[PDB]
>>> print(open('coords.tsv').read())   # TSV, C-alpha atoms
chain	number	residue	atom	x	y	z
A	672	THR	CA	13.65	-33.56	26.96
A	673	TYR	CA	12.31	-30.74	24.78
A	674	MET	CA	14.34	-27.98	26.47
A	675	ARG	CA	17.53	-30.05	26.29
A	676	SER	CA	16.93	-30.54	22.55
A	677	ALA	CA	15.53	-27.08	21.75
A	678	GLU	CA	17.06	-24.85	19.07
A	679	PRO	CA	17.79	-22.00	19.54
A	680	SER	CA	18.89	-22.37	23.17
A	681	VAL	CA	16.13	-21.62	25.69
A	682	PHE	CA	18.40	-21.65	28.76
A	683	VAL	CA	18.94	-18.28	30.43
A	684	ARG	CA	22.08	-17.04	32.17
A	685	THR	CA	20.41	-14.97	34.92
A	686	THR	CA	16.87	-14.14	36.02
A	687	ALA	CA	17.61	-10.48	35.25
A	688	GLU	CA	17.47	-11.20	31.52
A	689	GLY	CA	15.05	-14.10	31.95
A	690	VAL	CA	12.17	-11.68	32.48
A	691	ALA	CA	13.60	-9.42	29.76
A	692	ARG	CA	13.52	-12.24	27.19
A	693	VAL	CA	9.86	-12.89	27.99
A	694	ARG	CA	8.98	-9.21	27.53
A	695	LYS	CA	10.79	-9.06	24.17
A	696	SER	CA	8.74	-11.85	22.57
A	697	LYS	CA	5.18	-10.56	23.12
A	698	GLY	CA	4.23	-13.85	24.70
A	699	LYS	CA	6.37	-16.15	22.54
A	700	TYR	CA	8.60	-17.25	25.44
A	701	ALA	CA	7.85	-18.51	28.95
A	702	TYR	CA	10.37	-18.30	31.79
A	703	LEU	CA	10.26	-20.81	34.65
A	704	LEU	CA	11.35	-19.18	37.92
A	705	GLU	CA	10.48	-19.12	41.61
A	706	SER	CA	6.88	-18.17	42.37
A	707	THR	CA	7.83	-15.40	44.81
A	708	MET	CA	9.93	-13.65	42.16
A	709	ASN	CA	7.20	-14.28	39.57
A	710	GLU	CA	4.64	-12.51	41.77
A	711	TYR	CA	7.04	-9.65	42.50
A	712	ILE	CA	7.88	-8.92	38.85
A	713	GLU	CA	4.19	-9.22	37.96
A	714	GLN	CA	3.56	-6.31	40.34
A	715	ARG	CA	6.24	-4.14	38.70
A	716	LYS	CA	5.86	-1.80	35.75
A	717	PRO	CA	4.92	-1.95	32.93
A	718	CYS	CA	2.62	-4.88	33.87
A	719	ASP	CA	3.69	-6.88	30.81
A	720	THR	CA	4.13	-10.18	32.68
B	3	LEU	CA	-22.03	10.92	-24.29
B	4	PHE	CA	-22.24	12.74	-27.62
B	5	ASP	CA	-20.41	12.58	-30.97
B	6	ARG	CA	-17.02	10.90	-31.40
B	7	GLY	CA	-14.40	13.64	-31.70
B	8	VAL	CA	-15.23	15.18	-28.32
B	9	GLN	CA	-15.47	11.72	-26.74
B	10	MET	CA	-11.95	10.92	-27.98
B	11	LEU	CA	-10.52	14.07	-26.40
B	12	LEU	CA	-12.41	13.63	-23.12
B	13	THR	CA	-11.29	10.00	-22.81
B	14	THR	CA	-7.62	10.73	-23.55
B	15	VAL	CA	-7.49	13.76	-21.25
B	16	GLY	CA	-9.10	11.74	-18.47
B	17	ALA	CA	-6.64	8.88	-18.96
B	18	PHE	CA	-3.67	11.27	-18.95
B	19	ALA	CA	-4.97	13.08	-15.86
B	20	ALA	CA	-5.40	9.78	-14.01
B	21	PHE	CA	-1.93	8.65	-15.09
B	22	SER	CA	-0.34	11.89	-13.88
B	23	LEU	CA	-2.24	11.83	-10.59
B	24	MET	CA	-1.13	8.27	-9.86
B	25	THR	CA	2.46	9.00	-10.91
B	26	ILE	CA	2.51	11.84	-8.38
B	27	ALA	CA	0.82	9.61	-5.79
B	28	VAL	CA	3.44	6.86	-6.02
B	29	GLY	CA	6.37	9.27	-6.53
B	30	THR	CA	5.64	11.63	-3.62
B	31	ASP	CA	6.26	11.05	0.09
B	32	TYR	CA	3.05	12.70	1.38
B	33	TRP	CA	0.67	9.88	2.28
B	34	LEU	CA	0.29	9.90	6.07
B	35	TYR	CA	0.51	12.70	8.64
B	36	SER	CA	1.37	11.02	11.93
B	37	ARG	CA	3.60	11.41	14.96
B	38	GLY	CA	6.82	9.43	14.70
B	39	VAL	CA	10.59	9.45	14.38
B	40	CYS	CA	12.39	10.81	11.32
B	41	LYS	CA	15.74	9.16	12.13
B	55	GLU	CA	12.13	11.54	19.91
B	56	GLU	CA	8.56	11.43	18.62
B	57	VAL	CA	7.79	14.28	16.22
B	58	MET	CA	5.10	15.08	13.67
B	59	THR	CA	6.22	13.70	10.31
B	60	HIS	CA	4.72	13.25	6.84
B	61	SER	CA	4.99	9.72	5.47
B	62	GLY	CA	4.75	8.23	2.01
B	63	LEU	CA	5.18	4.85	0.35
B	64	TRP	CA	8.98	4.57	0.61
B	65	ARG	CA	10.45	7.48	2.59
B	66	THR	CA	9.23	9.80	5.35
B	67	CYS	CA	10.67	13.28	5.91
B	68	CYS	CA	10.54	15.07	9.25
B	69	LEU	CA	8.26	18.04	9.86
B	70	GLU	CA	8.70	21.01	12.24
B	71	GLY	CA	11.52	19.13	13.99
B	72	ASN	CA	15.08	19.89	15.00
B	73	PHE	CA	16.30	18.52	11.64
B	74	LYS	CA	13.52	19.26	9.16
B	75	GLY	CA	13.30	17.78	5.70
B	76	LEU	CA	15.31	14.54	5.86
B	77	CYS	CA	13.47	11.41	4.74
B	78	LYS	CA	14.27	7.91	5.97
B	79	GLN	CA	13.11	4.61	4.52
B	80	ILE	CA	10.14	3.01	6.27
B	81	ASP	CA	11.15	0.02	8.40
B	82	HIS	CA	8.94	-2.42	6.52
B	83	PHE	CA	10.67	-5.32	8.31
B	84	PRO	CA	12.17	-3.72	11.42
B	85	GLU	CA	14.98	-5.41	13.32
B	86	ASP	CA	15.35	-5.63	17.13
B	87	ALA	CA	12.79	-8.34	17.92
B	88	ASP	CA	10.30	-7.97	15.10
B	89	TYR	CA	8.38	-10.74	16.96
B	90	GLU	CA	7.52	-12.28	13.57
B	91	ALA	CA	3.91	-12.87	12.50
B	92	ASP	CA	1.66	-15.31	10.66
B	93	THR	CA	1.71	-16.08	6.94
B	94	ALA	CA	-1.11	-13.62	6.22
B	95	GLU	CA	0.59	-10.75	8.05
B	96	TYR	CA	3.91	-11.40	6.30
B	97	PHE	CA	2.02	-11.53	2.99
B	98	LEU	CA	0.44	-8.16	3.82
B	99	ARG	CA	3.79	-6.60	4.71
B	100	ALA	CA	5.29	-8.01	1.51
B	101	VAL	CA	2.59	-6.30	-0.55
B	102	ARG	CA	2.87	-3.05	1.42
B	103	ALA	CA	6.66	-2.90	1.14
B	104	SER	CA	6.68	-3.78	-2.56
B	105	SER	CA	3.61	-1.59	-3.20
B	106	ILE	CA	2.89	-3.79	-6.21
B	107	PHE	CA	-0.80	-2.90	-6.43
B	108	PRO	CA	-0.16	0.87	-6.79
B	109	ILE	CA	2.61	0.06	-9.28
B	110	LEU	CA	0.39	-2.47	-11.05
B	111	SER	CA	-2.28	0.23	-11.24
B	112	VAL	CA	0.30	2.56	-12.81
B	113	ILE	CA	1.23	-0.08	-15.39
B	114	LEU	CA	-2.43	-0.76	-16.22
B	115	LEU	CA	-3.13	2.96	-16.62
B	116	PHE	CA	-0.13	3.31	-18.94
B	117	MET	CA	-1.23	0.30	-21.00
B	118	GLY	CA	-4.73	1.73	-21.32
B	119	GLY	CA	-3.32	5.09	-22.38
B	120	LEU	CA	-1.15	3.39	-24.99
B	121	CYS	CA	-4.17	1.45	-26.27
B	122	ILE	CA	-6.37	4.54	-26.58
B	123	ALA	CA	-3.55	6.49	-28.25
B	124	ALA	CA	-3.00	3.63	-30.71
B	125	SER	CA	-6.74	3.30	-31.39
B	126	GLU	CA	-6.36	6.03	-34.03
B	127	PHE	CA	-3.88	3.86	-35.93
B	128	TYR	CA	-5.65	0.93	-37.61
B	129	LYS	CA	-9.11	2.25	-36.78
B	130	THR	CA	-10.71	-0.96	-38.09
B	131	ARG	CA	-9.60	-2.81	-34.92
B	132	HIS	CA	-12.52	-2.34	-32.53
B	133	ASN	CA	-11.05	-4.51	-29.75
B	134	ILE	CA	-8.28	-2.02	-28.89
B	135	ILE	CA	-10.83	0.25	-27.20
B	136	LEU	CA	-12.28	-2.72	-25.32
B	137	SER	CA	-8.74	-3.55	-24.19
B	138	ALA	CA	-8.28	0.03	-23.00
B	139	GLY	CA	-11.53	-0.08	-21.03
B	140	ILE	CA	-10.61	-3.40	-19.42
B	141	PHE	CA	-7.16	-2.04	-18.56
B	142	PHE	CA	-8.58	1.11	-16.96
B	143	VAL	CA	-11.15	-0.84	-14.93
B	144	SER	CA	-8.46	-3.27	-13.77
B	145	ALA	CA	-6.34	-0.25	-12.79
B	146	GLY	CA	-9.24	1.00	-10.69
B	147	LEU	CA	-9.56	-2.37	-8.98
B	148	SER	CA	-5.80	-2.38	-8.39
B	149	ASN	CA	-6.16	1.07	-6.82
B	150	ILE	CA	-8.86	-0.25	-4.48
B	151	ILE	CA	-6.68	-3.18	-3.42
B	152	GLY	CA	-3.64	-0.95	-2.92
B	153	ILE	CA	-5.55	1.56	-0.81
B	154	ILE	CA	-7.00	-1.22	1.35
B	155	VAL	CA	-3.58	-2.84	1.82
B	156	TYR	CA	-1.92	0.48	2.66
B	157	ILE	CA	-4.55	1.39	5.26
B	158	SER	CA	-4.47	-2.10	6.80
B	159	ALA	CA	-0.68	-1.92	7.10
B	160	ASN	CA	-1.04	1.57	8.58
B	161	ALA	CA	-3.43	0.27	11.27
B	162	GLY	CA	-1.01	-2.29	12.65
B	173	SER	CA	-4.24	10.78	15.76
B	174	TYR	CA	-3.31	10.69	12.07
B	175	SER	CA	-4.40	12.15	8.75
B	176	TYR	CA	-3.72	11.44	5.08
B	177	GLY	CA	-1.71	13.61	2.72
B	178	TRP	CA	-2.61	14.97	-0.68
B	179	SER	CA	-0.87	12.14	-2.55
B	180	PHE	CA	-3.09	9.58	-0.84
B	181	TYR	CA	-6.07	11.59	-2.11
B	182	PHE	CA	-4.26	11.97	-5.43
B	183	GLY	CA	-4.47	8.19	-5.80
B	184	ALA	CA	-8.05	8.12	-4.53
B	185	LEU	CA	-9.12	10.61	-7.19
B	186	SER	CA	-7.13	8.64	-9.77
B	187	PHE	CA	-9.23	5.55	-9.05
B	188	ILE	CA	-12.44	7.52	-9.61
B	189	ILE	CA	-11.10	9.02	-12.85
B	190	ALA	CA	-9.90	5.62	-14.06
B	191	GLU	CA	-13.34	4.04	-13.64
B	192	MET	CA	-15.05	7.03	-15.26
B	193	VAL	CA	-12.61	6.84	-18.19
B	194	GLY	CA	-13.16	3.09	-18.30
B	195	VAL	CA	-16.91	3.70	-18.46
B	196	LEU	CA	-16.50	5.98	-21.48
B	197	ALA	CA	-14.28	3.46	-23.27
B	198	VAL	CA	-16.93	0.73	-23.07
B	199	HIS	CA	-19.59	3.22	-24.17
B	200	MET	CA	-17.26	3.96	-27.07
B	201	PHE	CA	-17.01	0.22	-27.73
B	202	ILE	CA	-20.80	-0.17	-27.77
B	203	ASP	CA	-21.42	2.75	-30.13
B	204	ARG	CA	-18.99	1.53	-32.79
B	205	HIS	CA	-20.45	-1.98	-32.62
B	206	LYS	CA	-23.89	-0.37	-32.81
B	207	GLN	CA	-22.73	1.41	-35.96
B	208	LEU	CA	-21.71	-1.93	-37.48
B	209	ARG	CA	-25.24	-3.24	-36.94
B	210	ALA	CA	-26.68	-0.03	-38.41
B	211	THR	CA	-24.60	-0.24	-41.59
B	212	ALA	CA	-25.34	-3.97	-41.96
B	213	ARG	CA	-29.10	-3.40	-42.17
B	214	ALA	CA	-28.69	-0.84	-44.96
>>> encode(input="coords.tsv", output="structure tokens")
Amino acid sequence: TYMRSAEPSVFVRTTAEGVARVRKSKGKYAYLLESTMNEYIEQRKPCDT
Amino acid sequence: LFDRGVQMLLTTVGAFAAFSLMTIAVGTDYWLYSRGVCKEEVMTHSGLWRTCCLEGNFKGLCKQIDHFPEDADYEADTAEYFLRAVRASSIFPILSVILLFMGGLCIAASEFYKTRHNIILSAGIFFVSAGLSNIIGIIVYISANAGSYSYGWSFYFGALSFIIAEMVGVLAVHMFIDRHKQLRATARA
């Protein structure tokens, strides 16, 4: 219910910018994605996720 | 420390020297020597409002400090925004300048209507408040800075101005005590 009624919009077009949005907040945004992709990006530079 | 004519001259010259030093400090863009961008990373000399490039491809062009930078500033808490508001406005250095000018005006006007003994007390209070304002401004500027580097001569121009302001403020109160001591001396006779 919160995400549906969240302003500004929290929905993300593609996972390519979903990780980017997280990195551009310094921990003010959390992206919900598949665990396998979460572990893969976590192992990529610059280790900011 | 001795007599009254020499004390007058020492106090006014100290007040004027402090005023000039702080005017240079706030009006000159040499406060921080740090690596940065003047418009890649390059050694630049910073100030309070603008920072010109040093030993770069385009030397000598100053740009305004991004006090509230765009492109995901990430925001901050109320205290941090308060701190950036003070640092951008630089009110405390400017308030110190105003207090120094008011003290200088008071000491200059002390000659006119010499019977008013509270003008010198006002000048001393103004100078001491200017010193406190200098302390607050220096602390705020350094805290904003820490958000290799070295400080310029104008930063140490302001630092010396704070010391001079308190020393001049000390003399003004000593001047206030002596004249009130004279009133007690002439009352006994």
>>> closest_residue(input="coords.tsv", among="A:718, A:674, A:690, A:681", to="residue A:705", atoms="only C-alpha atoms")
A:690
>>> interface_residues(input="coords.tsv", of="chain A", to="chain B", cutoff="9 Å", atoms="only C-alpha atoms", output="ChimeraX atom specification")
/A:695-697,699
>>> atom_distance(input="coords.tsv", atom1="atom CA of residue B:24", atom2="atom CA of residue B:57")
28.2 Å
>>> closest_residue(input="coords.tsv", among="B:174, B:137, B:122, B:112", to="residue B:26", atoms="only C-alpha atoms")
B:112
>>> atom_distance(input="coords.tsv", atom1="atom CA of residue B:107", atom2="atom CA of residue B:202")
29.4 Å
>>> closest_residue(input="coords.tsv", among="A:703, A:708, A:683, A:693", to="residue A:720", atoms="all atoms listed in the file")
A:693
>>> atom_distance(input="coords.tsv", atom1="atom CA of residue B:31", atom2="atom CA of residue B:92")
28.8 Å
>>> residues_near_point(input="coords.tsv", point="(-13.1, 4.0, -18.0)", cutoff="12 Å", atoms="all atoms listed in the file", output="number ranges by chain")
B: 9, 12-18, 20, 114-115, 118-119, 122, 135-147, 186-201
>>> residues_around(input="coords.tsv", residues="residue B:63", least_positions_apart="2", cutoff="12 Å", atoms="all atoms listed in the file", output="PyMOL selection string")
chain B and resi 26-34+60-61+65-67+77-82+101-109+152-153+155-157+159-160+177+179-180+183
>>> residues_around(input="coords.tsv", residues="residue A:687", least_positions_apart="6", cutoff="12 Å", atoms="only C-alpha atoms", output="VMD selection string")
chain A and resid 693 to 694 702 704 708 to 709 712
>>> write_last_selection(input="coords.tsv", atoms="C-alpha atoms", output="PDB file, keeping the file's coordinate frame")
ATOM      1  CA  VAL A 693       9.860 -12.890  27.990  1.00  0.00           C
ATOM      2  CA  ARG A 694       8.980  -9.210  27.530  1.00  0.00           C
ATOM      3  CA  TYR A 702      10.370 -18.300  31.790  1.00  0.00           C
ATOM      4  CA  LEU A 704      11.350 -19.180  37.920  1.00  0.00           C
ATOM      5  CA  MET A 708       9.930 -13.650  42.160  1.00  0.00           C
ATOM      6  CA  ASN A 709       7.200 -14.280  39.570  1.00  0.00           C
ATOM      7  CA  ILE A 712       7.880  -8.920  38.850  1.00  0.00           C
TER       8      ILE A 712
END
>>> closest_residue(input="coords.tsv", among="B:68, B:10, B:134, B:23", to="residue B:38", atoms="only C-alpha atoms")
B:68
>>> closest_residue(input="coords.tsv", among="B:132, B:91, B:8, B:110", to="residue B:207", atoms="only C-alpha atoms")
B:132
